[PDB]
Amino acid sequence: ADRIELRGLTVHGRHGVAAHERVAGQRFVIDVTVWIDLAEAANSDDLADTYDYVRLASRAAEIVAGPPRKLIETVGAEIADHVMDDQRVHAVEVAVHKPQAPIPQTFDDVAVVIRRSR
Amino acid sequence: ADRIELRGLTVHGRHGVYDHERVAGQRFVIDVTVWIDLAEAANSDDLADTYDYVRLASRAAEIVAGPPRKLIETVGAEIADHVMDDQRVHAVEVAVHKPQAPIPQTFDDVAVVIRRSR
Amino acid sequence: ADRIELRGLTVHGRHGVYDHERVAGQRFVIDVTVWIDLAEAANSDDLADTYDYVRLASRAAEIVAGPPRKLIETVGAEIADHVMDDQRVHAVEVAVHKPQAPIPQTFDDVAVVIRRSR
Amino acid sequence: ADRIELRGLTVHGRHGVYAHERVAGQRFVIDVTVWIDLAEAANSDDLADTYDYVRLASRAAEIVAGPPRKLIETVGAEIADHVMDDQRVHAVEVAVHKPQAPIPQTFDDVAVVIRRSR
Amino acid sequence: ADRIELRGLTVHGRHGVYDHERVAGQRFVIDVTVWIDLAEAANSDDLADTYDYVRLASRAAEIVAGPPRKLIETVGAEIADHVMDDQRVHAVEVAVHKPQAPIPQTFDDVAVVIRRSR
Amino acid sequence: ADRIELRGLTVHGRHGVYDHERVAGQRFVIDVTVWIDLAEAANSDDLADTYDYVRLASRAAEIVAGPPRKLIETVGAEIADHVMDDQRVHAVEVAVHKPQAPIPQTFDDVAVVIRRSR
Amino acid sequence: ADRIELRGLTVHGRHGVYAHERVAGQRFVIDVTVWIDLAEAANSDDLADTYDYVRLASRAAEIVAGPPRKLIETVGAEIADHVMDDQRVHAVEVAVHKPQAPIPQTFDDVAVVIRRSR
Amino acid sequence: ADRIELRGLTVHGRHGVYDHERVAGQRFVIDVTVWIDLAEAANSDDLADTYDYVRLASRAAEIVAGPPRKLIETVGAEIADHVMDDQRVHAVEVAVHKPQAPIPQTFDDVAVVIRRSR
Ligand SMILES: Nc1nc2c(c(=O)[nH]1)N=C(CO)CN2
Ligand SMILES: Nc1nc2c(c(=O)[nH]1)N=C(CO)CN2
Ligand SMILES: Nc1nc2c(c(=O)[nH]1)N=C(CO)CN2
Ligand SMILES: Nc1nc2c(c(=O)[nH]1)N=C(CO)CN2
Ligand SMILES: Nc1nc2c(c(=O)[nH]1)N=C(CO)CN2
Ligand SMILES: Nc1nc2c(c(=O)[nH]1)N=C(CO)CN2
Ligand SMILES: Nc1nc2c(c(=O)[nH]1)N=C(CO)CN2
Ligand SMILES: Nc1nc2c(c(=O)[nH]1)N=C(CO)CN2
């Protein structure tokens with residue numbers, strides 16, 4: 001079950017179904033899990049044989065801070081689709097958290113998890 | 001494995017087997033995981049193509065805040081059955097936590113998890 | 001230095017300087033520290049000899065949930081003045097936290113602390 | 001996936017392979033997950049229709065606090081087999097944690113998970 | 001400022017003003033801070049020249065677990081007066097926390113801090 | 001004791017004595033505490049009568065993100081001097097934390113606090 | 001689903017693809033999960049019939065503090081292969097976390113998980 | 001109030017009054033607070049003008065990991081005396097935490113705090 005896991009990537013963005021929400025924006029938190037065979041990379045100790053976590057983080061942050069979407073579903077899909085551009089990846093899961101969602105209730109977190117797989 | 005995840009929804013309520021528990025009630029904490037295909041919603045960026053987290057939290061809180069049940073089994077079944085009314089939903093899991101359960105032992109949490117699926 | 005400490009009182013409200021902050025509102029988190037002599041309540045074991053935390057928490061919640069102010073300073077001052085109406089209180093400090101304040105930076109918390117004394 | 005989850009049951013105990021660990025004991029932390037069908041309990045709202053968490057916690061704590069064993073494996077098996085005496089139980093997992101394991105390394109936790117099932 | 005600090009001492013008890021709080025009781029969390037000069041003990045490395053935390057924790061646990069008081073004020077004063085029976089002590093602060101207090105608001109903690117000193 | 005408290009402002013920077021620290025930089029965490037009279041602000045409910053947290057966070061972040069210093073002391077002084085620019089301010093304390101400091105020991109945090117007063 | 005779990009093993013090391021990273025090194029955090037049948041060990045209460053956690057943690061820490069590798073992939077592979085040396089083991093997963101990875105984004109953790117099995 | 005704060009320095013050691021505590025040892029956790037004027041440092045940006053945190057953590061660790069004392073008071077005084085050897089230091093507080101202290105109550109932390117000044 002070889003995988004790469006990025007957790008708690010924290011980025012200010014402006015996604016939200018309502019206009020009032022894109023005025024100032026809010027905190028988004030991203031998790032990404034990438035399923036990919038890692039044995040070649042442990043054998044070569046060559047970055048080229050694995051998925052560079054650094055570029056994973058950068059691309060996810062750029063997407064979150066980029067053009068606003070109404071749904072976090074759409075954000076999550078764009079990140080997941082980007083990951084799947086690497087044909088070595090068996091599957092990805094992208095969690096888009098909105099811990100500051102303007103909800104009159106008291107809760108810790110709300111998120112969507114987008115899965116892609118081949 | 002697309003899903004929506006609500007975590008730590010915190011609502012005061014009156015559930016419990018013994019009478020003394022429904023004098024002042026206590027803190028309940030609710031998690032809901034909804035398995036649903038979110039591909040269209042990411043395609044459309046339209047709220048109507050997904051399950052609105054806002055109403056997921058509202059309804060969960062209403063039920064917890066509502067008529068008292070003896071068991072937390074009952075509460076989670078009523079939230080889960082509500083979520084399954086949306087025929088887009090493949091399955092649901094509702095965790096009802098009772099972290100202030102009056103037991104003399106020391107413990108972080110106790111909960112039931114009710115699972116429903118097609 | 002005898003005192004009563006309420007920590008983490010969490011209430012949804014609409015305080016804020018600009019109009020966007022008021023549409024949906026956000027989570028406010030309140031602390032109250034009440035300096036009062038507690039020797040007599042220890043000797044009588046009688047609630048009227050101390051400051052009842054029960055009414056403290058509900059009145060604080062009422063003020064925070066209520067009509068919005070522009071500044072959290074003035075929310076804090078309303079809670080502090082309420083606590084000072086009790087002649088037994090030597091001093092009080094009210095922390096009004098805005099941990100979801102809509103600013104672009106990544107930060108854990110922002111708050112004001114209002115102090116009153118006789 | 002219907003289940004009951006007890007988390008963080010904290011009990012002083014005296015298990016350990018070495019004599020030094022029987023002298024004063026240490027903190028043990030227990031998790032129990034019980035897979036059981038809860039639909040009838042949700043339908044009757046009758047505690048007899050479910051596994052009572054109160055007695056789950058009490059018997060788990062009695063065993064942890066009980067006769068010392070060398071291995072946490074043994075402790076976890078005794079708790080799991082106890083839970084399985086309830087024929088409605090499909091399976092159980094008991095995790096016995098020894099967070100204070102006297103090892104020179106720095107670490108958050110060490111534990112065993114014992115699984116029983118039919 | 002030399003001091004001994006005990007934090008998070010967790011004890012089940014049955015304190016409280018109203019009848020319902022005593023059927024089952026609830027979790028109490030105690031902190032103690034003891035101001036005492038520690039230079040002698042550093043000089044001798046002899047437990048007799050300091051305040052033994054071991055007796056501090058069992059005696060404070062004993063008091064909390066003991067016959068119920070109506071107020072947590074009264075519990076903290078018995079613990080503080082116990083510590084002050086050691087003439088070496090300059091002062092003490094006892095925080096009695098009632099994190100599961102049966103009030104309808106959502107809050108992290110409520111506590112009283114009893115101070116005594118010569 | 002009226003004050004404004006900003007906690008955990010998190011900013012990547014390159015501060016550090018030696019050259020290796022400057023290649024990639026590391027996470028810095030800033031707290032600011034501003035002692036200022038808030039009574040007029042509560043009476044007017046007018047942002048001009050207080051110290052705006054928004055400008056405080058953005059400026060503090062700019063300073064931490066900017067050209068590196070050798071010492072976190074100097075970063076802290078630069079933030080404290082900025083705040084003291086406001087003649088209404090009685091005093092300020094700035095904490096600059098370096099929780100990822102590249103030292104071989106295992107530890108939670110290392111920081112400097114800088115105070116200024118008038 | 002009998003298993004042994006080690007969590008949060010914290011060890012300073014010098015893995016990294018760039019030279020600047022091996023100059024002073026950084027904190028790594030390791031998790032190990034060992035699937036193995038534990039019924040025999042519960043039967044006998046004899047350490048020889050299970051996998052000793054103590055040498056699990058030792059060997060893992062030695063490997064992490066050992067010869068630096070470019071990739072954390074390689075570190076996990078080495079620990080995983082060591083575990084599989086015991087013919088009783090059905091499978092293992094080793095999580096190698098780099099929570100202080102020098103990337104300019106703000107995130108909680110990044111890790112790789114290596115699995116070996118039958 | 002200018003100061004340097006080190007928090008959570010974690011070191012295995014063998015301190016303890018009773019014989020059993022010395023066979024395997026246990027985790028100790030140290031905090032140090034150093035009061036020292038930091039203005040000159042901020043002026044020169046030169047490490048020589050301040051108290052170097054990395055030698056502070058190295059020497060504190062060595063002390064904790066060295067030959068055992070009976071009391072944590074004497075460990076803390078040894079660290080404090082070392083810090084006062086720098087004649088620029090005004091005052092120091094050292095907290096020695098024994099979070100795994102082998103008492104039978106359930107608690108989060110026990111510690112002593114040693115202060116020294118001029
Ligand atoms: N699943 C889901 N629900 C929502 C979403 C969201 O992006 N996805 N956004 C909303 C308000 O911003 C309200 N509700
Ligand atoms: N499974 C389970 N056990 C119980 C329950 C509960 O709802 N579910 N409630 C009780 C106390 O009110 C006692 N124990
Ligand atoms: N000190 C202070 N600063 C602020 C305040 C406020 O309440 N207090 N509110 C703002 C926007 O709602 C912006 N700035
Ligand atoms: N798996 C396993 N390993 C151990 C155990 C134990 O209980 N189980 N206890 C030990 C010291 O008591 C040493 N190592
Ligand atoms: N200060 C304070 N307030 C209270 C107390 C208490 O112990 N102290 N107990 C209550 C009911 O148990 C209600 N309110
Ligand atoms: N007080 C203090 N000590 C140090 C400093 C510093 O910023 N302040 N930075 C160093 C390495 O970057 C090491 N030592
Ligand atoms: N998957 C993965 N990605 C990386 C790694 C690494 O160890 N594994 N190390 C890095 C720089 O040291 C950059 N990128
Ligand atoms: N204050 C104090 N009390 C204790 C001490 C200790 O070091 N200091 N250690 C003990 C056994 O190690 C028991 N009690």
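If you take the alpha carbon atoms of chain G and fit the smallest convex hull around them, that volume is 101 Å³ per residue. Taking the 0 to 90 degree range and rounding to the nearest ten, how far is the long axis of helix G:72-84 tilted relative to the main principal axis of chain G, both from C-alpha atoms? Approximately 10 degrees, to the nearest ten. Converting phi to 3J(HN,Hα) with the Karplus coefficients 6.51, -1.76 and 1.60 and the offset θ = phi - 60°, segment E:28-42 yields 10, 10, 10, 10, 10, 10, 10, 8, 8, 6, 10, 5, 4, 5, 5 Hz in sequence order, with x at every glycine or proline.
Given +1 at the Cβ of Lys and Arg, -1 at the Cβ of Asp and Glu and no other charges, the dipole of segment B:1-69 around its Cα centre is 620 debye to the nearest 20.
Label sites at A:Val17 and G:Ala24, each approximated as a point 7 angstrom past Cα along Cα to Cβ, lie 4.9 nm apart.
Largest GNM mean-square fluctuation among E:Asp81, E:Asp49, E:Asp37, using chain E with Cα springs under 10 Å: E:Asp49.
Could you check which residue among G:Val29, G:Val83, G:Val54 shows the biggest mean-square fluctuation in a GNM of chain G with a 10 Å Cα cutoff? Greatest mean-square fluctuation among the candidates belongs to G:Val54. Counting only alpha carbon atoms, the long axis of helix G:53-64 and the longest principal axis of chain G meet at about 20°.
Computed about the Cα centre, the dipole magnitude for chain D is approximately 740 debye when only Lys and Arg (+1) and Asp and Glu (-1) carry charge, each at its Cβ. Amide H contacts for D:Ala91 (H built 1.01 Å from N in the peptide plane; partners 5 or more residues away or on another chain; cut-off under 5 Å): D:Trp35. Since only G:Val17, G:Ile4, G:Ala61 are under comparison, the one whose Cα sits farthest along the positive direction of the charge dipole of chain G, derived from C-beta charges on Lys, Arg, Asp and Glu, is G:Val17. Taking 18 Å as the limit for the C-alpha separation, the pairs H:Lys70/H:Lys98; D:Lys70/H:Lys98; G:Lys70/G:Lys98 exceed it in the case of D:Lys70/H:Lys98.
Once the Cβ-Cβ distance between B:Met84 and G:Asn43 is put in as r, and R0 is 41 Å, what FRET efficiency do you end up with, to the nearest 0.05? Rounded to the nearest 0.05, the efficiency is 0.40.
Against the longest principal axis of chain C, how steep is helix C:53-65, in degrees 0 to 90 to the nearest 10, with axes from Cα atoms? Its long axis makes an angle of about 20 degrees.
Averaged over peptide A:2-14, the number of partner chain Cβ atoms lying within 10 Å of each residue's Cβ comes to 6.
With all pairs of separate Cα atoms included, chain B yields a Kirkwood hydrodynamic radius of 15.0 Å.
Comparing F:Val83, G:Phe28, B:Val110 along the charge dipole axis of the protein assembly as shown, the residue lying farthest to the positive side is G:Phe28, per the Cβ-charge model. Per-residue Karplus couplings for segment F:80-86, computed as 6.51 cos²θ - 1.76 cosθ + 1.60 with θ equal to phi - 60°, are listed in order as 5, 4, 4, 4, 6, 4, 7 Hz, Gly and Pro entered as x. Measuring nothing but how far apart in sequence close Cα pairs (under 8 Å, 6+ apart) lie, relative to its length, chain C scores a relative contact order of 29 percent. Per-residue Karplus couplings for segment B:72-78, computed as 6.51 cos²θ - 1.76 cosθ + 1.60 with θ equal to phi - 60°, are listed in order as 5, 4, 5, 4, x, 5, 6 Hz, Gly and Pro entered as x. Let me check I've understood the local charge: for G:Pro99, count other residues with C-beta under 11 angstrom from its C-beta, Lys and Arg +1, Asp and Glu -1. What total comes out? Local net charge: +2. Taking Cβ atoms as reference points and 9 Å as the exclusive limit, the residues near F:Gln100 contribute a net charge of +3, counting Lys and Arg as +1 and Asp and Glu as -1. The equivalent ellipsoid that matches the C-alpha gyration tensor of the protein assembly as shown spans semi-axes of 38, 35, 35 angstrom, in descending order. Within the P(r) computed for chain A, what percentage of the Cα pairs occupies the region above 21 Å? Result: 39 percent of Cα pairs exceed 21 Å.
The dipole here belongs to chain A: it is taken about the Cα centre, uses +1 on the Cβ of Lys and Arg and -1 on the Cβ of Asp and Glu, and is about 740 debye.
Here, each number is a calculation from the coordinates, and none is a lab measurement. Reconstructed Cβ throughout: ideal geometry from the backbone, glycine too, with neighbour counts over all protein chains shown.
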